[PDB]
Each structure stands twice: as C-alpha cells, then as structure tokens.
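Chain by chain, the residues:
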Amino acid sequence: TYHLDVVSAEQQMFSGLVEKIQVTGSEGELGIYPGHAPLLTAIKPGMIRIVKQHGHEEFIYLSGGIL
Amino acid sequence: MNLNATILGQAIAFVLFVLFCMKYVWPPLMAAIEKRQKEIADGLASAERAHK
Amino acid sequence: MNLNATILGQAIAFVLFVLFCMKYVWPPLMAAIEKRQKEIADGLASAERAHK
Amino acid sequence: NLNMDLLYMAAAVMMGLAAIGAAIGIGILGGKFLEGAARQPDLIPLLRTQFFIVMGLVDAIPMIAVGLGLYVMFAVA
Amino acid sequence: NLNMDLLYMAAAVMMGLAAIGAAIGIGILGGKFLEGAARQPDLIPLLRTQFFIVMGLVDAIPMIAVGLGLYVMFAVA
Amino acid sequence: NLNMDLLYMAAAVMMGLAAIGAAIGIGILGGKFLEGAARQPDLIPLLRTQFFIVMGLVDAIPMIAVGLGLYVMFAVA
Amino acid sequence: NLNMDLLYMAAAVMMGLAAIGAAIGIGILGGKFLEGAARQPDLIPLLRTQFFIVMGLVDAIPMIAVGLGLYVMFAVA
Amino acid sequence: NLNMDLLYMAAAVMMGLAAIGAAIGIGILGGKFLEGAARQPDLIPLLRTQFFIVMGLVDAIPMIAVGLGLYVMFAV
Amino acid sequence: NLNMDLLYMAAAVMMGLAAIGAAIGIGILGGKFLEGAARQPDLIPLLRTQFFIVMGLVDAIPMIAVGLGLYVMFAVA
Amino acid sequence: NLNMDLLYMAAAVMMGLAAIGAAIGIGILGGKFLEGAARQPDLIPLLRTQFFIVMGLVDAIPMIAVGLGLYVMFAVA
Amino acid sequence: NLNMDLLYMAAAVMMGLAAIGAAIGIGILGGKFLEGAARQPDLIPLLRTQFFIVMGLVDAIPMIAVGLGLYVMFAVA
Amino acid sequence: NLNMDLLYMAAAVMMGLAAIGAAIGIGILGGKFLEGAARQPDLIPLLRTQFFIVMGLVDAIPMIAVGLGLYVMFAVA
Amino acid sequence: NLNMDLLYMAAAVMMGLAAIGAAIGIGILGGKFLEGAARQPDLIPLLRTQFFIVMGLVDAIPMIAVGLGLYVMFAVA
Amino acid sequence: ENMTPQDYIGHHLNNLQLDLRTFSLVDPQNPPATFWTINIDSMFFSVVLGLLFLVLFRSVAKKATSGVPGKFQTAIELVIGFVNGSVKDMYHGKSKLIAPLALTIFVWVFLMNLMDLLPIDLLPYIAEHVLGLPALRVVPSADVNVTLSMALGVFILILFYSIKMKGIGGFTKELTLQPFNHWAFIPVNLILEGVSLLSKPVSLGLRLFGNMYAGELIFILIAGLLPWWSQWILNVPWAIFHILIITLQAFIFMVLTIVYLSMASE
C-alpha cells in the first residue's frame, strides 16, 4: 500500500493508505498501483476510485485538478 | 602523360587549403590559449591580492 | 593486406615511447600543474580563514 | 518446362510481398487502435467501427496481388 | 517462347512493391487518424474527411503500377 | 532433377517472407497491447479479448502464404 | 528476348521502387498532418496548404521514374 | 550435381528470414514490455504473464519456417 | 547486343533507389516541419525558411544518381 | 566446383540475416531498457534481470541460424 | 563484351545505396534539427552549426561511396 | 579457378550484412543513452556503465559474422 | 576478366551496405544528440563530447567493410 | 615518363621495404613472399613522430613554472587538461600506466594522421629523384601493421589488468557465467566472451586504418585524373573535411582505450 492525499486550496479531502486508485487522467484513463514510477498529469472532472486497504472501495468526485 | 603538371595542381590546391585554415582555424585555437593565459593571470593575482 | 613482421617491430618502439613518457614527462607536468592549482586554492582558503 | 516452374517463383514474389505489406500495415493500425481503446474504454465500439472502416483501405491492394497470385498458380500455373 | 516467364516476373515484382508501399503508407496514416479520433471523438468526421483527402496521394502512384501489372499479365502475356 | 528443385526455392521465398510479416505485425500489435496494459492493469482482460480480434486480421494473409508454400513443397513437390 | 523484354523488367523496377517511395514518403507526412490537425482543429486549411507544398517537394523526384518507366516500355521497348 | 547445394540455399532463405522476423518482433515486444515494467514495477508478474502469452503468437510462423528448413537441409 | 540493353537495368536500379531515398528522407523531414507549425503557427515562415535550407542536403546525392541514370539512358545507351 | 562455393553463399546469407536480426532486436530492446533506467536509476538491477530474461528469448532463433552456418560450412562442406 | 556491364551495374547499386543512406540519415537528423528550432527558435543558428557538424560525419562514408562509384564509370570506364 | 570468383562475393555479403546490423543496432541503442543523459545529467556515469554492459551483447553475432567472413575471404580463398 | 568483374561488384556490395548502415546509424544518434542539445543548450559541449564518444562505435563494422572492400578493389583486383 | 592515370594511381600503393632475410629493398614489380620484410617508410617515419613527441614535450616539462605560463606552455597545459579531464571521468583506479598511456596514444595517432594533409606526391618526388630509391608513401596510420600492433599491445594490457585486478578465479567466473549466469548456457558463453575480446583490438585498429586509408586514396585519385589546373575544387573540400576526421580518430582511439582498460580493471 501507499499513502494518498487528496487536497484542495481550501480544505483536505482524503488522507490515508491505499492499495490502488483509478483516475480519469487528462490524456486517458489511468490506474496507480504501489511503486508506480514518478508521473505528473492533469485530470478531468469526474469520479476517482479509491480502494482503501482491506479492499474498501470508495468514490470521490473531483472537479479537476493535477495528479 | 606529364608529371610536372601534377605538382602544379597540388600546389594550387594546397595553398587554397592553408589559406582558409589561417583565417578560420588558427585564430580560434590561439584565442583559446589567450583565454587560458588571461585565466591563469586572474587565478594567481586574485589570490596574491587576497594575501594582501 | 599481407601482414608483415613490422607488426612485431612497431610494438617495440611503441612500448619504448610509453616507458619513456611514463616517467620522464608525465609526473613532471603533473606536478607543474598541480602546484599551480594548489597555490590558488590555498590562497582563497587562507583568505576565508582570515575573514572568519 | 521452364515457363512452368518459373511461374511458382512469380507466385512467390507476389504472395510474400503482399503478405508483408498487409501484416505491417494492419499491425501498425491495430496498435494505434489498441492503445486508443486502452485509454478510452467506453469508446471501444466507436473506435472499432473506424478501425474496420479504415483497414478496409489497407487490405485493398494485397488482395489484388493475392488474387493475381492465385490466378497464376492455379488458373494458368 | 522462353521469355514469357520474364514478363510474369516483372509484373509480379512491380505489383508486390506497389502492394508493400500502399499498405504501409495507408497503415501509418490511418494509425494517426485513429489517435486523433481517440483524443477528440467529436471531431472524427472532420478528420475522417481529410483522411480520405490525403489518402489518395498515398495510392495515386501505386495504382499506376497495379494497372500496368494487370495490363502486362493479361493484355501482353 | 530439373523440374523439381526450384520449387523448393519458390516455397522458401513465400514461407520466408510470410514469417517476417506475421512476426513483426504481431510484434507491433502486441507492443501496444502491453503499452495499454501498464496504464490500466484492471482492463488487462478486456484488452486481451480485444487483442485477439485484430490479431486475426494481421495473420490472415501470412497464413495463406504458409499453406500455399506447403502446397508447393508437399502437394506439388 | 534480352534485347526487347528486359526493358520491361527495368521499368518495372523503376515504377516499383518509386511506388514504395511515394506511398511511404506521403504516408509519414500525412500522419503528421493529421496529428497536427487533431491538436489544432482550427488550422486545417493552413496546414493542408503547407502539406501540399512539401507534398510536391516530395513527389517530384519519384515522378521522374514515374515518367521514365513508361518511356522505356513504350518508346525504348 | 545441382540437387545437393541449391536445396541448402532454399533452406538458408527460410532460416534467415525467420531469424529476422523473430528477432525484430520479439525486440519490439520486449521493448514495450520493459517500458511497461519500468512504469509499474510491482505488477511485473502479471505483465510477464501476459507477455509470454502474446509472445507465443509471434514465433508461430517463424517456427514453421525453421521446422521446414531443418527438413530441407537434413532430410534432403 | 546484350550490354546496352542490359545497362537500362543499371539506371532502373540506380535511380529507383534514389527515388525512395529522397522520398522517404524528406517525408520524415517534412513531418517534423509540419509539427513545428502546428505548435508555433505564428512561426511557420521562419521554420519553412530553414526547412528549404536542409531540404537541399537530403536529395543532394539523389541529384547525381538521377542525372547519372539519365546519362546511361541516352549517352551510354 | 559449384557444389563447394554455393554452400559458402548459403552460409553467408544465413549468417548475415541472423546477424541483422539479433543486432537490431537487441538494439531496440536495450534502448527501451536504457530510457526506463534513466527515469529511475534505483530500479536498475530489477530491470536488468528482466532484460536478460527477454534477451534470451530474442536470441533463440538467431543462434540456431548461426550454428547451422557452421553445420553447412564444416559438415556439408 | 560481357566485361563492361558489371562496372555500370556496380556503380548503379553502389550509388543508389549511397543515395538511400544519405537521404535517410540526414532526413532523420534534420527532423530533430527542425524539432529543436520549433522549440527554441532564438537558438537556431547555434543548432544549425551543430547540425552541420553532425552532417559532416554522417556524410563521411556515403560520399566516398559516390567517389569510388564514379571511379568505376570514368577511371576504369 | 572458379573458386576465386565466388568467395570474394560471398564474404562481401557476409560482412556487409553484419555491418548493417551492428550499425543500426548501436545507433538505436545509443540514441536512448543520449536522450536519457540530456534528461538527467550526472547520471551519465551510470548510463555509460550499463550502456557499455549492454552494448557488448549487441556486437556478438555481427562480429562472429565478420570473423567467419574473413576466415573465408583469405584462409579459405 | 569474368573473375575481375565480380570483384568490382563485390566492392560495390560491401561498401554500399556499409554506406547505408553507417549513414543511418549516425543519423539516428545525431538526431538524439540534437534534441538533447535543443533541450539544454548550455550542455551542448558535454553532449558533443558524448556524441563523439559513442559515434566511434557505430563505425566499428562499416569502416572494416570499407577496409576490406577497398582493399579488394585495389590490392586483390 | 609514361605514367598513365590508371598506373600512377597504382604505384601509390607501394611501400619501400627491405628484405629482413637478404637486406634487399623489395622492388615494387615483384613482391617477395615472406613475413620478414619490414615496411621502412612507415616505421622510421613513425618513430620520427615518436621522437618529435618527447622532444616537443620534454622541452617544457623541465622548464615550466607554476606562475603565468607562456603561449607554448599554454597549449601544452591545454592538451594535458583535455587528456586528464577525460581520463579522470572513467578510470577510478590510480594505476600510473593508464594516465600517460592515453597521452602517448592521442598525440602519436594525431601526428601519424597529420602527415597526410601535405600533398601526396611531393615527399615521394624528393625521395626518388634525389635519393633514387623505388617507393615512398607517408602516412604511418595507413599501414595496417602499425594499427594492429597497437591493438595487440592494448590487448595485452587488457588481459593483464583482468588478471591483476580480479585474478583467474574472477576471470574464469566471468567468462563462464555471463550473460545468463546458469550452467545450461555455459558452453556457448565461452565462445561469446572470447569473440568480444578479440573484436575490441580488431575494431580499434581497423577503424583507424580504414578511415585514413580511404582519406588518403581520394587525394591519390584526384591529383592524376582531373585537368591539373582544376584539381583544387575536389582536393580542398576533402581536406577541409579530413582534418575533423584525423582528430576524431585520435580522440576515439584514446577514449575507447581508456574505456576498455577501465572495463577490465574495474
């Protein structure tokens, strides 16, 4: 697992440890597993999938941002 | 054929070969040496004046 | 091309010129340059030791 | 009997080149399609449509050559 | 006649090279077409237009060779 | 004897060229399949079951040239 | 034979190699044109004009052989 | 007589073209495999699983060619 | 006689190769030029300027391969 | 006589092709390995392990062909 | 008679391959020259100097091929 | 005798092909080394290290072919 | 001099292949050098150092190819 | 003087040897068979530079001061800088031998190539019309034997460093296991590594030989074919290009020597 943050100019939105996440990157759908190499991309407005450790899937709605 | 003409052509070629060098090759090569000389004058004097 | 014993001869002159330069030339110039570097490095070092 | 045996060399120098051209073209195009799908999974069918519509033009002149090759190797042989 | 095989061979050569060339060129161009389509799906008809446009040049030369090959294989041979 | 040997060479050019076409063509296409794979390990089954489709198109013509090359070497001999 | 017919062969070589040249030289540039278009959906006409300029610059030297093979077949042979 | 040597030319043609195809194809494929691995280093086992599976498709035709070349050389 | 009639193969080789050398060469070179435009549309004519400069170097050898082929076409044969 | 020399021509073609294949294949593979390393040098040993695992697969066929070159040049002879 | 043909055939292949090599190499290189230019245009003349310094080493061997080629046509007929 | 006439050609090919192979392989392999260096300088010692490690494996078959080609061109011929 | 005319084809094959190989290898390597420079002009001298460092390897075979081809062209022939 | 173009260009291939067995200058028309026939033109002329090297460096090395240096001393220090800044980047082992070795190779190979920039016929002209003798060519690097001799030498040094620096127990493990590191491959690994070893000196020498031989042979051509007043238009640009090559060959040779030696010793 790895440590994920979702933050905004105003307030934090998520912090904790995760197994994978799936994000609709600006240039295409994308999925992060632990140890992923360094990367930097914009993302489109839409949901992202977190699977918290033990496999507790979750959804969050993001109005945009940078990954 | 004639032998002596070949030396003539070789001379015409060789002088035109050297002429470009002494106006486009050697001036930069010596300019780098001047750069190094200036540098070392700088590097030593700028420490002697720190001894001062 | 047809090889020739000169391949054996030339190696001797090569190794001799190496044997000579190796000792008669290189350490000499190594010192001649290292000394010039050290004399500047130490100048600025001691000047900093003074300012502190 | 040379004019018989040589026609198989003709058929070879038709079919092999046709095959290479078709394979390379379709591999390139299908690779671009495949990564497109890998990015936009919802648009798989929409891209599949265009892939077939476009591949239809690549397959055009290999099929000419393979037709003439089959003609030579059987219809005259 | 011991030199009709040479005409079979010449036709096969020219057509096989035309096939390789046309297939590969169209494959490249279509690959980029599908990439562009995958990015901007609401532009697929606009770029598909130009794909049809430029594609002609990718075959305007090869079709000469293809016609000549048919010609020799049936009109001459 | 005379009427046999060159047929071995005819089969060679076909089965040779057919190999290069199918190997590279599947090579390139397989690459983009892996390129998409790492971006989305979750779609690895959906892409796999997409790779196999177009993979059938590329290997179409080569398999023609394989069978026909075998025909010459064993059925024509 | 060797006076008359091998002229057909060499012209087939000319108009096969140039057939490769036109197809690939145009396919590459056309793919770059299309991808540029997809990046800049407003600039299709500008880009297509520049493309035709460099297009002619490309096809000029193949077209030599394009005419030359025909001249050989129908004026030298 | 011609029956002996020419056959081995007919072999070497297929053998060499098969080497070209297999080498270049596995090259491209393994290049993409290594870049994908350098992207997602921890999923290497799954990527390798799929890699060998897709690879098996590439050697098919080259392996036919080599199987036949072996006959052409040895059996005749 | 065989020689002069066979020399026409030499020009087909010599200039057929140059045809694709120049065609693919600038095909690549132009492809980059177009993208420099699609990124810097306010910079095209500068990029076109330098494009013409280098574009000369590409075919500079094909020039003499073509011309020497024409020397064989008419002067030698 | 020819029953000697054409064996050497066959050996030359077989080993030349095998050499081009192995060299270019490993060049592509190693190139992607290099950039993968450059983006994160701390993985290097793992990438190298998988690099060898694959570079083995690359060589299987070329190293057959190379050995058959010797079987020709020293058993058929 | 036959003797004086292979000289022109040799020049043909040698100079056609010289043309291919030069055109492809320098097209590849000029593509990156134009990339850089369109990315840092105020830097052009420096990178053009570097481009020429590369081009020299690129063209080192093809031009010897051209020289040794015309040698066969005019120094040994 | 006839042996002198074929071996100097067989070796020629046997080594020109290895030339092509090693040249293109190393060009490609070094390209990624340069791009990686320009991306992340000061990793240059490590890139150069593992570059030379890999490059050693690219030369194997090309150099084997060169050796056997020479072993023929002189010691056999 | 049937024996001699094959030698002036052998030198042609050797050095034509060497020409293509070396030219395209250096083209690729220099292209990567050029884009690296355009990224980091104030690295240009170090990247030139490295370009010359590796380029010496791309010539390793193709010069040997000239070394033997030209030797045969002027010491054996 | 019936020099035809096809003949004049043929004469240029010929060295001025002397039979080791019989102290006979080997005449160009008949070449004696033996391995014992020294090429005298490329050997004495090669050590000409072997001496003009030391005599042009020794005449500063003693004289220098670490103060402001003269212009000649400035160039000498610039060249020591080039060399040492290269060597330091890649060889970490401080073995003295590698450091001055590269200096010799670089400067000597540069000087060997440099002779070829003087017009071709002039030295042969003087050396035959005054001193009479039957042959002369003046580029030591364009004789294979010198290049492969240097290659064999560096090859010896390679193997020595492999022994001294990791011994036979490491040498054998490397030659047996690499690249696959398993028994089932070894009988093939054994051929590969030896092949690679042999290629290093082979390529190192032959690259230089081919470069310089092909560069010389162009000047050999034009000085006899074109109308003599015109020969400049194709002798000049070639030399303009050639200078870059004669320098790059010395650079490449030096740096690859450093590289392979470091690769064996580290």
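Residues numbered from 1 in each chain as written, not as in the entry; some residues may be left out. Chains lettered and ligands numbered in written order. Part of a larger assembly, values for the part shown. Heavy atoms only, no water. Residues with missing side-chain atoms left out of burial classes, pairs and counts.

- Per the deposited record, determination of this structure is attributed to cryo-EM, with the resolution reported as 3.1 Å.

- The name that the PDB entry assigns to chain H is ATP synthase subunit c, with the source organism given as Escherichia coli.
- The record lists the entry's title as "E. coli ATP Synthase ADP State 1a".

- As recorded in the PDB entry, chain A goes by the name ATP synthase epsilon chain, listed as coming from Escherichia coli.

Some details on the overall build of chain A
Part 1: Each helix and strand counted, chain A has 0 helices and 5 strands in total.
Part 2: For a compact globule of 67 residues, the expected C-alpha radius of gyration is about 11 Å, and chain A comes in at 11 Å, within 12% of that figure.
Part 3: Along the first, second and third principal axes, the C-alpha atoms of chain A reach 25 × 25 × 20 Å.
Part 4: Partitioning the intrachain contacts of chain A with sequence separation of at least 6 by distance along the chain shows that 34% fall at a separation of at least 24.
Part 5: Carbon and sulfur atoms make up 53% of the accessible area of chain A, which totals about 3,900 Å².
Part 6: Distance from the positive charge centre (4 side chains) to the negative charge centre (7 side chains) of chain A: 7 Å. (Helix = DSSP H or I, 4+ residues; strand = E, 2+ residues; numbered from the N terminus. Rg over C-alpha atoms; globule rule 2.2 N^0.38 Å. Contact = heavy atoms within 4.5 Å. Areas by Shrake-Rupley, 256 points an atom, 1.4 Å probe, with all protein chains shown as cover. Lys, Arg positive; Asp, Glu negative; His and termini not counted. Charge placed at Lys NZ, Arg CZ, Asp CG, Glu CD.)

Digging into the interface of chain M and chain K
Part 1: Taken together, the contacts link 40 residues of chain M with 36 residues of chain K.
Part 2: In total, about 3,200 Å² of surface goes out of reach between chain M and chain K, with carbon and sulfur atoms giving 81% of it.
Part 3: Area buried by chain M at its contact with chain K is led by M:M9, M:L34 and M:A38, which between them contribute 18% of it.
Part 4: For the interface between chain M and chain K, the tally reads 1 salt bridge.
Part 5: K:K32 is paired through a salt bridge with M:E35; the nearest N and O atoms lie 2.7 Å apart.
Part 6: At the level of secondary structure, the elements contributing two or more residues to the side of chain M that touches chain K comprise α1 (2-39), α2 (44-58) and α3 (60-76) of chain M.
Part 7: By residue number, the principal contributor to the side of chain M that touches chain K is α1(M), which donates 27 residues.
Part 8: Taken together, the residues of the side of chain M that touches chain K sort by class into 31 nonpolar, 5 polar and 4 charged. (Buried area = accessible area lost by both parts, 1.4 Å probe. Salt bridge = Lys/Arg side-chain N within 4 Å of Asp/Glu carboxyl O. Nonpolar A, V, L, I, M, F, W, Y, C, P; charged D, E, K, R; others polar.)

Observations regarding the packing of aromatic side chains
Part 1: Counted by the stated rule, this structure contains 41 aromatic pairs over all chains.
Part 2: Consider the rings of I:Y71 and K:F74, whose centres lie 6.0 Å apart with planes at 75°: the pair is edge-to-face. Of this pair, I:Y71 sits in helix α2 (residues 44-76) while K:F74 sits in helix α3 (residues 60-75), which puts the two residues in different chains.
Part 3: Under the relative-accessibility criterion, I:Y71 is labelled partly exposed at 29%.
Part 4: Counting every residue linked through ring pairs, the aromatic cluster contains D:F33, D:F51 and D:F52. (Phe/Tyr/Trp six-rings, centres within 6.5 Å; stacked < 30°, edge-to-face > 60°. Buried < 20%, exposed > 50% of the residue type's maximum accessible area, 1.4 Å probe, protein only.)

Quick look at the interface of chain G and chain I
Part 1: Contacts between chain G and chain I engage 38 residues on the former and 38 residues on the latter.
Part 2: With both sides pooled, the region where chain G packs onto chain I buries about 3,100 Å², and carbon together with sulfur makes up 83% of that total.
Part 3: Broken down residue by residue, the surface that chain G buries against chain I is led by G:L17, G:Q50 and G:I61, which jointly contribute 18%.
Part 4: Along the contact surface separating chain G from chain I lie 1 salt bridge.
Part 5: Here G:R39 ties to I:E35 by a salt bridge, and the two come within 3.2 Å at their closest N and O atoms.
Part 6: At the junction of chain G with chain I, the criterion picks out 3 residue pairs in polar contact.
Part 7: Going through the elements one at a time, α1 (6-39) and α2 (44-76) of chain G are the ones with two or more residues in the side of chain G that touches chain I.
Part 8: Looking at which element gives the most residues to the side of chain G that touches chain I, the answer is α1(G), with 19 residues. (Polar contact = N/O pair within 3.5 Å; in protein donor to acceptor, adjacent residues only side chain to side chain.)

Description of helix α2 (residues 44-58) of chain K
Part 1: Taking 1.5 Å of rise per residue, the 15 residues of α2(K) would be expected to cover 21 Å, and the 20 Å separating its terminal C-alpha atoms lies within 8% of that figure.
Part 2: Among all positions of α2(K), only K:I44, K:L47, K:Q50, K:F51, K:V54, K:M55, K:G56, K:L57 and K:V58 are buried.
Part 3: Tucked inside the fold, the buried residues of α2(K) contact α2 of chain I, α1 (3-39) and α3 of chain K, α1 and α2 of chain M together with α8 (232-265) of chain N. (Expected span 1.5 Å × (residues − 1).)

Focus on the environment of N:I76
Part 1: Here N:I76 is to be found in helix α3 (residues 71-90).
Part 2: Sequence separation of N:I76 and N:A61 is 15 residues, and the distance between their C-alpha atoms is 9.2 Å.
Part 3: Ignoring sequence-local partners within four residues, the contact set of N:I76 consists of C:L29, N:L56, N:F57 and N:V60.

Let's talk about the pattern of salt bridges
Part 1: Summed over the entire model, instances satisfying the criterion amount to 19 salt bridges over all chains.
Part 2: Of the charged contacts, one joins C:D42 and C:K38 as a salt bridge, the two residues approaching to 2.6 Å between their closest N and O atoms. Here C:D42 pairs with C:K38, and both are found in helix α2 (residues 26-51), just 4 residues apart, close to one helical turn.
Part 3: Through salt bridges with shared partners, a single ionic network connects B:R36, B:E39, C:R36 and N:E77.

Observations regarding the side chain of N:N145
Part 1: With respect to the helices and strands, N:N145 occurs in helix α6 (residues 144-177).
Part 2: A polar side-chain atom of N:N145 sits 3.0 Å from the main-chain amide nitrogen of C:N4.
Part 3: Ignoring sequence-local partners within four residues, the contact set of N:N145 consists of C:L3, C:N4, C:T6, C:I7 and N:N39.

Some thoughts on the pairing of strand β3 (residues 29-32) of chain A
Residues and elements named next belong to chain A.
Part 1: On β3, burial covers both faces: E29 and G31 on one face and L30 and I32 on the other are all buried.
Part 2: Where strand β2 (residues 12-25) lies against β3, 4 bridges are found, and the strand directions are antiparallel. The residue bridging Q22 from the neighbouring strand is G31, located in β3.
Part 3: Joining the antiparallel neighbours β2 and β3 is a turn of 3 residues. (Pairing = 2+ DSSP bridges.)

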